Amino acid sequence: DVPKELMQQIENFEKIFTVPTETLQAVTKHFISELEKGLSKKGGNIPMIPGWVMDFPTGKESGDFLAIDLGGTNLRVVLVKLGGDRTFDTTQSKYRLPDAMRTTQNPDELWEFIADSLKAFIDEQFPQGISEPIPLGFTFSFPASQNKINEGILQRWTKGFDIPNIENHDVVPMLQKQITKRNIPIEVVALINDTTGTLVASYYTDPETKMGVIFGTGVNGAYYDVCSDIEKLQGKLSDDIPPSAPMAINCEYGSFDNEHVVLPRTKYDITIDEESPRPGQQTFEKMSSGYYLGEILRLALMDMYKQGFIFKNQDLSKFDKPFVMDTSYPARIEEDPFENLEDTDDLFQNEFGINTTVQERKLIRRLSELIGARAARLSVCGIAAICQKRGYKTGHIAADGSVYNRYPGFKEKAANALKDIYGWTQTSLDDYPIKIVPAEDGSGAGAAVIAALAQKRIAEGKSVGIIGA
């Protein structure tokens, strides 16, 4: 179809958004230095946080463990029954978080709500009551600091929360105090980030697990390093931790390349960064998360409109507004099945009142493929850098997040990007030596499995954090 003028614009967009193999290998190479710098005494833009998990699950842990996940809307409560055979059973209940609870002015209140919901859960699940205490792990996916598995210092509220006297305090005793007040025999023994549970719960059912990874609104990965290779813990680990012990690391690598030395940032990426809540931060997350792809698309289209190629004589009042297109716009455009791109045509007409021609839809579609492919390719550089740092030649990468699970074609493109990085020659994704597979649940199962490892150490008197606490 496409006229010559549009065809030249599509070829300019191919040059802006294509990230060839050599760029991927240079990004990856710089990413491995940054991982190592984050583990050093001096530190770096990647935090590389010790997760205080110092054991690999054997797959034979068994018994009843609880996990709670404090989310945006709901408090989720999970009873996890470890089978002792690399399998587990879960039972969950969701307790919607009152509108007014997120912003209470009584700091005890939230902990009372969590303990009351625990009480109702336990009532349904253990009708004859419970005699010996059940270990609990708390997925607290707000910005926090820890020096041992069973503390959690809030650094700053997020997602609308705004409760006084909690920032800079340990939240574990606040929750434990309300549990003990109601006489529930539950012990809080672990506080984790959901990415570090993703790793640990997938390892329990699949011992080829080399990493846990999230491809969602936020991006993150966790893996096991080795305590002798972590310079910043030198002299902070008591003698009951062997030098070769494993140490789970929560990278928090969304800040990779805040120095702007390797990522292929375009004019559109600079504009996204400048219009965001925090310009200069979360650089790798802005370059690789699915959350920005409709806004990238939007800006490229606004450029074409302005330069007189498309949307001639249309009213753009509804379209010309930042973040009017979320991730599901490009996703739907990529899924449009037929050649004349009828779903895309309905979308632009119904949402924005814009009538397009077929040729305009082929440029929109081709733009949406280029942008979803770039985000998939860049998002695996952190996987490759960890496997190359640690020398994993084979293994499974446990993945989760809404982009990984739902964005069209993200899984094939992420796998093929690994292939390019490594120069593999196999031709089916199933024979690749490093495979991306569906993760187990990190918020639920993962916190419970971590609670099972911490409680065994605590019981034996072994260290669960640095000398001091």
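Position 1 is the first residue in the sequence shown; the rest follow in order.
Note on 278 to 286 vs 151 to 159: mean CA B-factor is higher in 151 to 159. Per-stretch averaging of Cα B factors for 22 to 30 and 420 to 428 places 420 to 428 on top. Between the residues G218, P173, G235, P330, it is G235 that shows the highest Cα B-factor in the PDB record. If you compare the C-alpha temperature factors of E369, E259, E112, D336 in the entry, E112 comes out highest. The deposited CA B-factor of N183 belongs to the highest third of values across its chain. Ranked against the other modelled residues of its chain, the C-alpha B-factor of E14 as given in the entry falls in the lowest third. Split the chain's modelled residues into thirds by C-alpha temperature factor. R102 is in the highest one. Among the modelled residues of its chain, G254 has a C-alpha B-factor that falls in the lowest third, as given in the PDB entry.
Among the modelled residues of the chain, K41 sits in the highest third by CA temperature factor in this PDB entry.
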